[PDB]
Amino acid sequence: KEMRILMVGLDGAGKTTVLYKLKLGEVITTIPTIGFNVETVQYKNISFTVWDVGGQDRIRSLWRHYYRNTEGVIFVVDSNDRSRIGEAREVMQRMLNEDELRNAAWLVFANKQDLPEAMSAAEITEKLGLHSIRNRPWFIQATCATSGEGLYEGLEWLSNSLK
Amino acid sequence: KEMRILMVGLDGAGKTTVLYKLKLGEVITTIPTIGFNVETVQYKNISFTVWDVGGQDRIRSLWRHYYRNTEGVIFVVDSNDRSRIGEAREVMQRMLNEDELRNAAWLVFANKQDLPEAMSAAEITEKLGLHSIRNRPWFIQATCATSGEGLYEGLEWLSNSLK
Amino acid sequence: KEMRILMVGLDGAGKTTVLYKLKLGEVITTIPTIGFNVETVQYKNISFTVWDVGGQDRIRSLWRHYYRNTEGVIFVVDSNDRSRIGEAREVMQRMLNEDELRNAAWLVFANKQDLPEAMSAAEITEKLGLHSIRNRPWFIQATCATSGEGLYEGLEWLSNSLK
Amino acid sequence: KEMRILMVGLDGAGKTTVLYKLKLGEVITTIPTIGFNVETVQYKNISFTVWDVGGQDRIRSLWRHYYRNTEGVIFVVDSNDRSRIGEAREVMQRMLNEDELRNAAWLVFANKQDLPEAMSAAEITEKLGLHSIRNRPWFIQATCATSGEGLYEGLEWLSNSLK
Amino acid sequence: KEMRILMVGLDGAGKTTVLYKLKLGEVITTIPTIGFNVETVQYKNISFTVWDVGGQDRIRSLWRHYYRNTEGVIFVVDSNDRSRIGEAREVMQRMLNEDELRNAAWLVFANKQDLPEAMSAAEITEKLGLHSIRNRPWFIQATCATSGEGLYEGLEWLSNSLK
Amino acid sequence: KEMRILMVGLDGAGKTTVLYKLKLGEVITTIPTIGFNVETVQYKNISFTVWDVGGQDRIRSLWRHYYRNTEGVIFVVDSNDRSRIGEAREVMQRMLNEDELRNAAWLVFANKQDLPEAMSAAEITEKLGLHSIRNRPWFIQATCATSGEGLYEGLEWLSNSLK
Amino acid sequence: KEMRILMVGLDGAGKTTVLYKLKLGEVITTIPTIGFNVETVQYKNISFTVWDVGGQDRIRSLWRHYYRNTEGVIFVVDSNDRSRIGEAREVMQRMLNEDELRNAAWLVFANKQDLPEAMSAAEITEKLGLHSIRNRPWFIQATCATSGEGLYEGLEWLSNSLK
Ligand SMILES: Nc1nc2c(ncn2[C@@H]2O[C@H](COP(=O)(O)OP(=O)(O)OP(O)(O)=S)[C@@H](O)[C@H]2O)c(=O)[nH]1
Ligand SMILES: Nc1nc2c(ncn2[C@@H]2O[C@H](COP(=O)(O)OP(=O)(O)OP(O)(O)=S)[C@@H](O)[C@H]2O)c(=O)[nH]1
Ligand SMILES: Nc1nc2c(ncn2[C@@H]2O[C@H](COP(=O)(O)OP(=O)(O)OP(O)(O)=S)[C@@H](O)[C@H]2O)c(=O)[nH]1
Ligand SMILES: Nc1nc2c(ncn2[C@@H]2O[C@H](COP(=O)(O)OP(=O)(O)OP(O)(O)=S)[C@@H](O)[C@H]2O)c(=O)[nH]1
Ligand SMILES: Nc1nc2c(ncn2[C@@H]2O[C@H](COP(=O)(O)OP(=O)(O)OP(O)(O)=S)[C@@H](O)[C@H]2O)c(=O)[nH]1
Ligand SMILES: Nc1nc2c(ncn2[C@@H]2O[C@H](COP(=O)(O)OP(=O)(O)OP(O)(O)=S)[C@@H](O)[C@H]2O)c(=O)[nH]1
Ligand SMILES: Nc1nc2c(ncn2[C@@H]2O[C@H](COP(=O)(O)OP(=O)(O)OP(O)(O)=S)[C@@H](O)[C@H]2O)c(=O)[nH]1
Ligand SMILES: [Mg+2]
Ligand SMILES: [Mg+2]
Ligand SMILES: [Mg+2]
Ligand SMILES: [Mg+2]
Ligand SMILES: [Mg+2]
Ligand SMILES: [Mg+2]
Ligand SMILES: [Mg+2]
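Residues numbered from 1 in each chain as written, not as in the entry; some residues may be left out. Chains lettered and ligands numbered in written order. Part of a larger assembly, values for the part shown. Heavy atoms only, no water. Residues with missing side-chain atoms left out of burial classes, pairs and counts.

Chain A carries the name ADP-ribosylation factor 1 in the PDB entry, which gives Saccharomyces cerevisiae as its organism. Under its PDB record, the entry appears with the title "Cryo-EM structure of Arf1-decorated membrane tubules". Per UniProt, chain A has the following entry under Function (literature references left out): "GTP-binding protein involved in Golgi vesicle trafficking. May modulate vesicle budding and uncoating within the Golgi apparatus. May recruit the lipid transfer protein VPS13 to Golgi membranes. Recruits polyadenylate-binding protein PAB1 to COPI vesicles, and this is required for correct localization of the asymmetrically distributed ASH1 mRNA." Taken directly from UniProt, the Subcellular location text for chain A runs: "Golgi apparatus". (UniProt positions renumbered as here; feature names shortened; annotations may be inferred.)

So this is what it looks like as structure tokens:
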């Protein structure tokens, strides 16, 4: 009936694009997210309330204001960006150790799969150290926010962890 | 209705893998256990509370904090490691002489039986000097935490020593 | 109205098979009994609560936990196994000297009579030294748990020692 | 209701094996007894408290600490060891002259009768000079601690000298 | 639930950087620590209260004000600085002899491992004389405060010595 | 319930190593013992309080401060050091004639048996003139403090002389 | 718990430097000691109260005011000063004959060992006639107050003569 979500990731990942592809159905032009966007999207008789936030180094320290009462998390990672996959691992291993996100479900959108140099979801699952997760449910999906592929299959998995 | 367990052993044995094969049912990737893990698993209307600890030489001296109120012990030994079977014997003969574990039940998981060079449970029973045990109930089971074999047959024996 | 029973014996005897031939009516496939099974069976307006236990050498030392409040005992002996009839005699003469089983009724299921090499109930009565019993009522019945023969004639005798 | 016993003898006799055949029912592996073992065993509504001690030449001088308040003594002699039957005679004639064991009952376990070269209980009764005993009740029984033969027939005789 | 920590070391080690890498997650620019910094960081449902202090020769004499009620100590040593490893040994052997830190747990951050000329944790364990510690638990971890490596594995070990 | 011990010997013997192998279970690096170390170790429901002291010629004259109220003595002798076995004999024959140690139990740890040139416990028993002891109980055990062999068999013998 | 000490010696030896290396941990600049300095230093749960005095020829006659109630003495000798080793011998042989220092423990700090021309502790032990001491415990340690070497090993020996 209701669910709260927090979309996060590094800069350039695709968070805003994913959100406004789910909410509107169209690919909008984007500006860097200094503040935050919040939007409700309905699916399977469930109303997800997604909070997209900034990924710039200066806003990554303000994500803590949103950890509270968060039932799911969506970590978006740019697959073409193979040089920052270590920074994302640091961020995610730091945010998995926070106690406010202790029960949160973990979903990972490996975005930008339409690009030729994109890296597979298994290569990302290995590079991010996702099998090391033990206190938490987790899942990884390959997406293309510009085409909508894999986006409605993530909200479908998040439904498993309802209530 | 309840029971407390302490899983111990040398490094590389299989303690964490056993615990999260009982708790989750899947084989997780692992990191060395510097601290401790604690997990409750239900079976036969009994809720075992297992404490997995480190086996590095530096943490083997911190096991004493957990001996108290411990009703069962699970000593995991790597069978393929035939060069450290003497060190495990030292550790176990030292920990059998402690007075806090005076009534504790003893179970021995001879793990890594899937490997070709693995050593039989009787060869381990002879090398560990288990028949020398007289103040304590004891039992040895051959396992394969990656496949789950022999794991639910140890919790089954630990039930004999309930209450 | 009620009665408590303890089924015991060596390994391979037929305890589990007897129990789940009385309770279900079918011959189940079996695994070695590491722990214990407990089942209530009704007959002649009496509800027998049978506790089947392991016979492996390592579990024969845990039978003492069950001697208390036990009103009848059922010693199952494999008749085809003519090489272990001395070990069973040792076990039974040891367990007849325990003071918790001081008033318990003794029944002996000489099982596996369907086999050609099976030994008669009188040969077993002589080999087990059953006439030497003087502080206790006793009885010996020839059975075939696979066919149910002689099983309902043992519960019938146990009724004699009700209340 | 209660009784105190002191099991003694030379090294290699079978004291520890006898004790943990009476207490557990199984034949344990053994280490030389440097200190002492103490165990309570129930039989015929009597709780014997047996103290098994070392037989090495260096511990034979520490037996005096246990003579006090001792109501029965069990001298175990290896029958196969026909070369040390004189040393045992010396030890026993010395310990029969002590005034703390003035009323103690004497029992003699001629152990290791399963061996082919074993010597009869009458040959031992002659070699040990047991008929020379006049201030004391005495008895000699032929045993086999590995099989339990003759062990429960000694505790049965010790009951004669209760209270 | 709570724990008090004292981070100390020589000048240039990395104490402030470690503290504000644990607390904020970012590498801050630094000024010499004339006074003291104090910050609470949460991890594993535990709230560590860390006190970072100066290492200049003039402030090393004011550390005594903080020894009291200190449950853990974190000695940070610059590995690249191979010319001052003797001065750190002097400081640490002096501060191990103080009676206010009598029960304190010892952790050693061998920092600046990202530098090519860095010295291994075992070379430091030998140069600092850490095996000579006998009245105290101790542990040594290799770190890189600029990248966060090895920092959350020290707070994990400090949890072993809780309460 | 309690017992007081004094570990003594020449320099290089293994006293400190033995003590902190019993207390911690690990082989620590060592410095010459100028003062004294004191540690309590529990075993068999007994709490031995061991006082390890220096063996340098200058501290051998300060052992007298500890003779009082000493219930056991542990003389450690280096077996590889076959050139100082006469000096140890002098020291031990001098300290056996003191009246404060009149009732003390004597134990001798012939240490460093892992070395190839080590001398047997009987050769040491002959060289030290241990059979000449008549006013005192005594015992000699062969050890290897680095491996723990023979160490828990000495505390086991010291229990014989309790209270 | 408490102990009183008197540090003495010739001029230029290192008394003040030793005292304020023990008390503060730093090497202070110094002025000739016309009067006296007094400082308490804690170590091994003992609070030594050290009195450093002048060594000028005019103050060497005022040391008598401090001999009373003195439990230990620390004679500091400059090793580089090989021309005044006879004057120190005179002073020490005079102060050993005083009856107020009749039970005092003797410690000798052979300081300034960092200098190349320094003389060994055995050469000093021979030149000072220390083996001639018979009514007193004594000890000699080689130091370097500028580096702290050998200073905490003297207070460690002084603990032997506590109470
Ligand atoms: N070619 C391609 N571009 C994508 C894809 N997904 C997202 N993008 C594009 O990549 C750019 C970055 O996406 P954007 O949503 O603006 O970043 P962000 O996640 O919000 O992070 P920021 O707000 O801090 S800059 C955008 O131009 C967006 O259109 C994809 O699947 N393929
Ligand atoms: N091939 C094989 N590997 C096994 C088996 N059981 C456990 N392991 C593997 O052996 C490795 C060590 O197991 P692990 O559980 O991490 O050690 P530990 O007992 O926790 O000890 P540590 O935490 O101090 S490193 C792991 O890679 C694990 O997957 C087995 O039965 N077969
Ligand atoms: N041919 C034949 N097999 C029998 C008979 N009674 C029991 N068994 C068989 O003998 C085997 C052993 O019986 P089982 O009940 O499993 O042993 P147990 O008494 O439980 O002892 P355990 O659990 O310690 S292995 C089984 O395969 C069982 O089916 C019989 O009358 N005839
Ligand atoms: N073959 C055979 N061995 C026996 C018998 N009784 C005891 N033993 C064996 O003889 C050996 C010595 O028995 P043990 O109990 O250990 O000596 P002890 O009486 O305790 O004396 P010790 O402790 O000073 S070494 C053991 O290996 C034991 O198993 C027997 O009846 N037959
Ligand atoms: N290259 C590199 N620099 C590091 C590392 N860890 C810390 N530092 C850097 O070394 C410098 C000293 O660290 P800093 O934290 O300021 O010293 P301090 O421990 O606080 O001691 P002080 O305050 O008395 S000056 C800083 O410029 C810091 O950024 C590292 O792992 N690699
Ligand atoms: N190879 C070997 N070394 C041993 C053994 N037992 C003790 N040692 C080693 O011999 C050395 C001396 O032992 P140590 O305990 O320091 O002397 P001590 O008895 O305390 O006497 P001291 O303090 O006056 S120097 C140490 O390096 C120790 O590790 C052994 O069994 N084998
Ligand atoms: N190079 C070197 N100098 C030392 C050492 N120990 C002490 N000193 C130095 O020698 C000088 C004399 O030491 P000091 O403590 O002032 O003399 P004193 O013992 O107090 O005697 P006084 O007060 O009557 S002048 C000082 O400059 C001191 O720093 C050492 O180990 N090496
Ligand atoms: Mg955005
Ligand atoms: Mg682990
Ligand atoms: Mg069964
Ligand atoms: Mg024995
Ligand atoms: Mg700083
Ligand atoms: Mg020592
Ligand atoms: Mg001065």
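*Asks:* Is there a simple way to explain the overall build of chain A in this structure?
*Replies:* A count of helices and strands for chain A gives five helices and six strands. Counting from the amino terminus, chain A carries its helices and strands in the arrangement β-α-β-β-α-β-α-β-α-β-α. Scaling as 2.2 N^0.38, a compact globule of 163 residues should have a C-alpha radius of gyration of about 15 Å, and chain A matches this with 14 Å. When the backbone C-alpha atoms are referred to their principal axes, chain A occupies close to 40 × 35 × 30 Å. (Helix = DSSP H or I, 4+ residues; strand = E, 2+ residues; numbered from the N terminus. Rg over C-alpha atoms; globule rule 2.2 N^0.38 Å.)

*Asks:* Which parts of the structure should I look at to understand the arrangement of the chains?
*Replies:* Considering only C-alpha positions, the minimal separation of the non-contacting chain C and chain F is 24 Å. Nothing in chain B touches chain G; the tightest C-alpha to C-alpha distance between them is still 24 Å. (Contact = heavy atoms within 4.5 Å.)

*Asks:* Where do I start with the coordination of the magnesium ion (ligand 9) in this structure?
*Replies:* A four-donor tetrahedral metal ideally has 109.5 degree angles, and a six-donor octahedral metal ideally has angles of 90 or 180 degrees. All names here are of chain B. Taken together, the protein ligands of the magnesium ion (ligand 9) are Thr16 (OG1) and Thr33 (OG1), with distances of 2.0 Å. Note that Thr16 is positioned in helix 1 (residues 15-23) and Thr33 in the loop between helix 1 and strand 2 (36-43), a separation of 17 residues in sequence. The two residues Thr16 and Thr33 agree in class, both being buried. (Donors = N, O, S within 2.8 Å, 3.2 Å for Na, K, Ca; no water. Buried < 20%, exposed > 50% of the residue type's maximum accessible area, 1.4 Å probe, protein only.)

*Asks:* In this structure, what is going on with the site of ligand 7? I would like to understand it.
*Replies:* Residue and element names in this part refer to chain G. Around ligand 7 lies a shell of 18 residues, among which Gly14, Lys15, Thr16, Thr17 and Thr33 are the nearest. Here an oxygen atom of ligand 7 and a side-chain polar atom of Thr17 are 2.9 Å apart. One nitrogen or oxygen atom from the side chain of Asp114 is found 2.9 Å from a nitrogen atom belonging to ligand 7. Bound to the protein, ligand 7 loses 78% of the 670 Å² it would expose on its own. (Near = heavy atom within 4 Å. Polar contact = N/O pair within 3.5 Å; in protein donor to acceptor, adjacent residues only side chain to side chain. Areas by Shrake-Rupley, 256 points an atom, 1.4 Å probe, with all protein chains shown as cover.)

*Asks:* Can you walk me through helix 1 (residues 15-23) of chain G in this structure?
*Replies:* Working note: α-helix, 3.6 residues per turn, so residues spaced by three or four point in the same direction. All names here are of chain G. Counted residue by residue, helix 1 has eight buried out of nine residues, so it is predominantly covered. Every buried residue of helix 1 is listed here: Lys15, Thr16, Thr17, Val18, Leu19, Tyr20, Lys21 and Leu22. Within two residues after helix 1, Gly25 carries a phi angle of roughly 95°, on the positive side.

*Asks:* Would you mind going over the environment of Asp114 of chain F with me for this structure?
*Replies:* Among the secondary structure elements, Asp114 of chain F is positioned in the loop between strand 5 (105-111) and helix 4 (121-127). Aside from chain neighbours lying at most four places away, what touches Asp114 of chain F is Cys144 and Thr146 of chain F.

*Asks:* Looking at this model, I keep getting lost on the side chain of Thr33 of chain A. Mind explaining?
*Replies:* Residue and element names in this part refer to chain A. With relative accessibility at 14%, the residue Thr33 sits in the buried group. Within the local environment of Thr33, its side chain forms a polar contact with the side chain of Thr16, the two groups lying 3.3 Å apart. Here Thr33 is in contact with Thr16, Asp52, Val53, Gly54 and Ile59, once residues within four sequence places are set aside.

*Asks:* Help me out: how do you make sense of unusual backbone geometry in this one?
*Replies:* A negative phi angle characterises most non-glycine residues, just as the trans form characterises most peptide bonds. Residue and element names in this part refer to chain B. Its identity is not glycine, yet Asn69 carries a phi of approximately 60°, on the positive side. For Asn69, the position within the fold is in the loop between helix 2 (64-67) and strand 4 (72-78). Among the residues examined, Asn69 registers a relative accessible area of 59% and is labelled exposed.

*Asks:* So what exactly am I meant to see when it comes to the site of ligand 3 here?
*Replies:* All names here are of chain C. Around ligand 3, 18 residues are found, and the nearest of them are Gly14, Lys15, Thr16, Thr17 and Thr33. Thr17 places a polar side-chain atom, nitrogen or oxygen, 2.9 Å from an oxygen atom of ligand 3. One of the side-chain nitrogen or oxygen atoms of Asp114 is found 2.9 Å away from a nitrogen atom of ligand 3. Protein burial of ligand 3: of its 670 Å² of free accessible surface, 78% is covered by the chains. The element that contributes the greatest number of residues to the shell around ligand 3 is helix 1 (residues 15-23), accounting for three residues. Class assignment for the residues of the shell around ligand 3 results in five nonpolar, nine polar and four charged. (Nonpolar A, V, L, I, M, F, W, Y, C, P; charged D, E, K, R; others polar.)

*Asks:* In this structure, what is going on with the interface of chain E and chain A? I would like to understand it.
*Replies:* Often, the extent of an interface is quoted as the loss of accessible area upon association of its parts. Opposite the 10 residues of chain E that make contact, chain A presents nine residues. The junction of chain E with chain A conceals about 720 Å² of combined surface from both sides, 29% of it contributed by carbon and sulfur atoms. Counting across the chain E and chain A interface gives one salt bridge. Among the ionic pairs, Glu26 of chain E bridges to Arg58 of chain A, the shortest N-O distance being 3.3 Å. Taken together, the connections running from chain E to chain A amount to three residue pairs in polar contact. Of all the secondary-structure elements, those providing two or more residues to the side of chain E that touches chain A are helix 1 (15-23) and strand 2 (36-43) of chain E. Here the residues of the side of chain E that touches chain A are counted per class, giving two nonpolar, four polar and four charged. (Buried area = accessible area lost by both parts, 1.4 Å probe. Salt bridge = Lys/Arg side-chain N within 4 Å of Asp/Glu carboxyl O.)

*Asks:* Whenever I open this one, the environment of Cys144 of chain F confuses me. Can you help?
*Replies:* Note that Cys144 of chain F resides in the loop between strand 6 (138-142) and helix 5 (152-158). When residues no more than four places from it in sequence are discounted, the contact partners of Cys144 of chain F are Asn111, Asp114 and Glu149 of chain F.

*Asks:* How should I be thinking about the sheet that holds strand 4 (residues 72-78) of chain F in this particular structure?
*Replies:* The strands that make up a sheet pair up through hydrogen bonds in the backbone, lying either parallel or antiparallel. Residues and elements named next belong to chain F. The mixed open sheet is built from six strands, whose spatial order is 2-3-1-4-5-6. Strand pairing shows two members of the sheet lacking a second neighbour, strand 2 (36-43) and strand 6, which therefore form its edges. Averaged over all pairs of adjacent strands, the angle between their axes in this sheet comes to 25°, without regard to strand direction. Alignment of strand 1 (residues 3-9) against strand 3 (residues 46-53), held across five bridges, turns out to be parallel. Pairing of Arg4 across the sheet is with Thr49, part of strand 3. The strands touched by helix 1 (residues 15-23) are strand 1, strand 2, strand 3, strand 4 and strand 5; relative to strand 2, the strand with the most contacts, the crossing angle is about 35°. Running at roughly 170° to strand 4, helix 3 (residues 85-95) makes contact with strand 1, strand 4 and strand 5 of the sheet. (Pairing = 2+ DSSP bridges. Axes fitted to C-alpha atoms, helices over the stretch in contact; angles between N-to-C directions.)

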